[PDB]
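The file start.pdb contains PDB, C-alpha atoms (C1' of nucleotides):
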```pdb
ATOM      1  CA  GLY E 203     144.247 123.594 128.141
ATOM      2  CA  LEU E 204     144.981 126.735 126.102
ATOM      3  CA  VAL E 205     141.610 128.424 126.706
ATOM      4  CA  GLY E 206     142.270 131.978 127.856
ATOM      5  CA  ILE E 207     146.027 131.722 127.222
ATOM      6  CA  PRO E 208     147.273 133.928 124.353
ATOM      7  CA  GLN E 209     148.999 131.912 121.647
ATOM      8  CA  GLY E 210     152.055 134.177 121.622
ATOM      9  CA  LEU E 211     152.438 134.148 125.427
ATOM     10  CA  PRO E 212     151.941 130.631 126.823
ATOM     11  CA  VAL E 213     153.699 131.828 129.995
ATOM     12  CA  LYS E 214     154.757 135.238 131.272
ATOM     13  CA  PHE E 215     157.634 133.981 133.446
ATOM     14  CA  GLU E 216     158.888 136.966 135.446
ATOM     15  CA  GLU E 217     159.208 135.390 138.915
ATOM     16  CA  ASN E 218     161.225 132.427 137.509
ATOM     17  CA  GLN E 219     158.237 130.060 137.433
ATOM     18  CA  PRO E 220     156.537 128.905 134.193
ATOM     19  CA  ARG E 221     153.019 129.375 135.522
ATOM     20  CA  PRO E 222     150.406 129.918 132.782
ATOM     21  CA  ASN E 223     149.818 133.435 131.455
ATOM     22  CA  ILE E 224     146.074 133.504 132.078
ATOM     23  CA  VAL E 225     145.244 136.978 130.771
ATOM     24  CA  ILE E 226     141.563 136.423 131.585
ATOM     25  CA  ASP E 227     139.766 135.837 134.878
ATOM     26  CA  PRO E 228     140.265 132.239 136.101
ATOM     27  CA  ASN E 229     136.623 131.800 137.142
ATOM     28  CA  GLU E 230     135.110 132.638 133.763
ATOM     29  CA  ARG E 231     137.987 130.733 132.147
ATOM     30  CA  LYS E 232     136.774 127.615 133.948
ATOM     31  CA  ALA E 233     133.224 128.598 132.974
ATOM     32  CA  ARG E 234     134.268 128.617 129.314
ATOM     33  CA  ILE E 235     135.868 125.227 129.964
ATOM     34  CA  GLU E 236     132.660 123.559 131.098
ATOM     35  CA  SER E 237     130.690 125.404 128.405
ATOM     36  CA  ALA E 238     132.946 123.859 125.759
ATOM     37  CA  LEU E 239     132.733 120.474 127.494
ATOM     38  CA  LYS E 240     128.921 120.575 127.588
ATOM     39  CA  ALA E 241     128.832 121.672 123.943
ATOM     40  CA  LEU E 242     129.741 118.048 123.189
ATOM     41  CA  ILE E 243     126.463 116.783 124.696
ATOM     42  CA  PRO E 244     124.278 117.991 121.767
ATOM     43  CA  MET E 245     126.773 116.392 119.381
ATOM     44  CA  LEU E 246     126.406 112.638 119.900
ATOM     45  CA  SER E 247     122.644 112.986 120.319
ATOM     46  CA  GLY E 248     121.227 113.761 116.859
ATOM     47  CA  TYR E 249     122.144 117.425 116.363
ATOM     48  CA  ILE E 250     124.721 116.930 113.585
ATOM     49  CA  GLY E 251     124.252 117.758 109.915
ATOM     50  CA  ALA E 252     121.476 119.363 107.894
ATOM     51  CA  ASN E 253     117.773 118.783 107.186
ATOM     52  CA  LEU E 254     117.057 118.489 110.909
ATOM     53  CA  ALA E 255     113.424 119.531 110.446
ATOM     54  CA  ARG E 256     112.677 116.862 107.826
ATOM     55  CA  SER E 257     115.217 114.147 108.721
ATOM     56  CA  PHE E 258     116.532 114.455 112.316
ATOM     57  CA  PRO E 259     118.823 111.442 111.862
ATOM     58  CA  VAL E 260     118.041 108.361 113.941
ATOM     59  CA  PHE E 261     121.166 108.400 116.098
ATOM     60  CA  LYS E 262     122.762 106.159 118.713
ATOM     61  CA  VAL E 263     126.341 105.878 119.963
ATOM     62  CA  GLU E 264     127.734 102.379 119.463
ATOM     63  CA  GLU E 265     131.099 102.474 121.249
ATOM     64  CA  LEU E 266     133.862 104.906 122.128
ATOM     65  CA  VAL E 267     137.135 105.472 123.967
ATOM     66  CA  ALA E 268     138.233 108.800 125.436
ATOM     67  CA  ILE E 269     141.409 109.943 127.166
TER      68      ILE E 269
ATOM     69  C1'   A Y   1     151.177 125.668 116.004
ATOM     70  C1'   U Y   2     152.136 122.768 109.022
ATOM     71  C1'   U Y   3     149.850 128.595 102.723
ATOM     72  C1'   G Y   4     147.768 126.845 107.445
ATOM     73  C1'   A Y   5     144.658 130.232 110.281
ATOM     74  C1'   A Y   6     138.286 132.279 110.195
ATOM     75  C1'   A Y   7     133.797 128.743 107.503
ATOM     76  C1'   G Y   8     126.368 124.493 107.738
ATOM     77  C1'   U Y   9     126.117 123.642 100.644
ATOM     78  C1'   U Y  10     122.348 126.427 104.586
ATOM     79  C1'   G Y  11     117.364 127.420 105.677
ATOM     80  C1'   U Y  12     111.257 126.431 104.144
ATOM     81  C1'   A Y  13     108.413 121.703 101.196
ATOM     82  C1'   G Y  14     102.414 115.505 102.395
ATOM     83  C1'   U Y  15     102.888 112.388  95.651
ATOM     84  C1'   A Y  16      98.457 114.394  97.469
ATOM     85  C1'   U Y  17      93.250 114.554  96.459
ATOM     86  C1'   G Y  18      87.934 111.511  94.818
ATOM     87  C1'   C Y  19      88.157 105.210  93.156
ATOM     88  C1'   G Y  20      82.535  98.930  95.380
ATOM     89  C1'   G Y  21      86.941  93.501  92.567
ATOM     90  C1'   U Y  22      81.251  95.207  90.943
ATOM     91  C1'   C Y  23      76.446  93.178  88.981
ATOM     92  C1'   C Y  24      73.533  87.422  87.484
ATOM     93  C1'   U Y  25      74.407  81.792  89.323
ATOM     94  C1'   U Y  26      70.379  74.937  92.529
ATOM     95  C1'   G Y  27      76.335  70.753  92.762
ATOM     96  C1'   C Y  28      71.079  70.231  89.847
ATOM     97  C1'   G Y  29      67.924  65.692  88.069
ATOM     98  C1'   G Y  30      66.935  59.582  88.370
ATOM     99  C1'   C Y  31      68.472  55.376  92.323
ATOM    100  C1'   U Y  32      64.914  48.743  96.632
ATOM    101  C1'   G Y  33      72.104  47.448 100.589
ATOM    102  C1'   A Y  34      67.245  43.809  97.894
ATOM    103  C1'   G Y  35      65.735  38.671  97.063
ATOM    104  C1'   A Y  36      66.169  32.936  99.740
ATOM    105  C1'   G Y  37      66.602  31.192 105.503
ATOM    106  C1'   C Y  38      63.257  25.680 111.421
ATOM    107  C1'   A Y  39      67.823  27.422 117.139
ATOM    108  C1'   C Y  40      66.347  23.111 114.696
ATOM    109  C1'   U Y  41      66.725  17.693 115.968
ATOM    110  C1'   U Y  42      67.191  13.432 121.144
ATOM    111  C1'   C Y  43      65.317  14.212 126.967
ATOM    112  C1'   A Y  44      61.224  10.976 133.677
ATOM    113  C1'   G Y  45      63.929  15.630 138.431
ATOM    114  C1'   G Y  46      64.685  10.617 138.616
ATOM    115  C1'   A Y  47      65.107   6.461 141.754
ATOM    116  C1'   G Y  48      64.384   4.767 148.093
ATOM    117  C1'   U Y  49      60.277   6.237 152.365
ATOM    118  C1'   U Y  50      54.941   4.237 158.980
ATOM    119  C1'   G Y  51      54.071  11.824 161.615
ATOM    120  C1'   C Y  52      58.003   8.044 163.827
ATOM    121  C1'   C Y  53      56.842   6.196 168.374
ATOM    122  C1'   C Y  54      54.310   5.868 175.385
ATOM    123  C1'   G Y  55      48.428   7.511 176.851
ATOM    124  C1'   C Y  56      42.218   5.819 182.828
ATOM    125  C1'   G Y  57      39.214  13.778 183.251
TER     126        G Y  57
END
```
Exercise: express the given structure as structure tokens:
Amino acid sequence: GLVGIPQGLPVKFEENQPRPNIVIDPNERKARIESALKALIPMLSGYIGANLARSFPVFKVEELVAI
RNA sequence: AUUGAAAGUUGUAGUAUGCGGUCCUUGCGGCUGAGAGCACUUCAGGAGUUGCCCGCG
């Protein structure tokens, strides 16, 4: 939720509304959002750790809960 | 957004190569299921009986 929002300026708040201070373009902000979201796909698939060439761990997701 | 903030203990690596469970070896030689032995002894197909009855080439 803070992607593209400067840490020091969560909101700019000049028209008396606390709308987010999105200093960057909203479209590429959303693009960064789905890029970060899709970065999780090669995480629970077998692309974690070292010795990938020689080991490539035998991986499978057992169970999970997300909110 | 906590003396926290940025961060791969990282990348490349075959225990591998040749190595006969191998060569010889009889389950072999001798050996009577053999000798004795009545399907024997008694025995009627048996006792009765009109080819029957009439006859002019």
**OP:** Give me, as a ChimeraX atom specification, the contact residues of chain E against chain Y at a cut-off of 9 Å, counting all atoms listed in the file.
**Re:** /E:209,251-253
Could you write out as AutoDock Vina command-line options the box around range 6-22 of chain Y (axis-aligned, all atoms listed in the file, 4 Å on each side), with centre and edge lengths in Å to one decimal?
```
--center_x 109.8 --center_y 112.9 --center_z 100.6 --size_x 65.0 --size_y 46.8 --size_z 27.3
```
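For the pair CA of residue 231 in chain E and CA of residue 266 in chain E, the interatomic distance is 28.0 Å.
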Original post:
What is the distance between CA of residue 229 in chain E and CA of residue 245 in chain E, in Å to one decimal?
Top reply: 25.5 Å
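Here CA of residue 243 in chain E and CA of residue 225 in chain E stand 28.2 Å from one another.
Minimum atom-to-atom distances from E:254, E:263, E:205, E:268 to residue 230 in chain E were compared using all atoms listed in the file, and the lowest value belongs to E:205.
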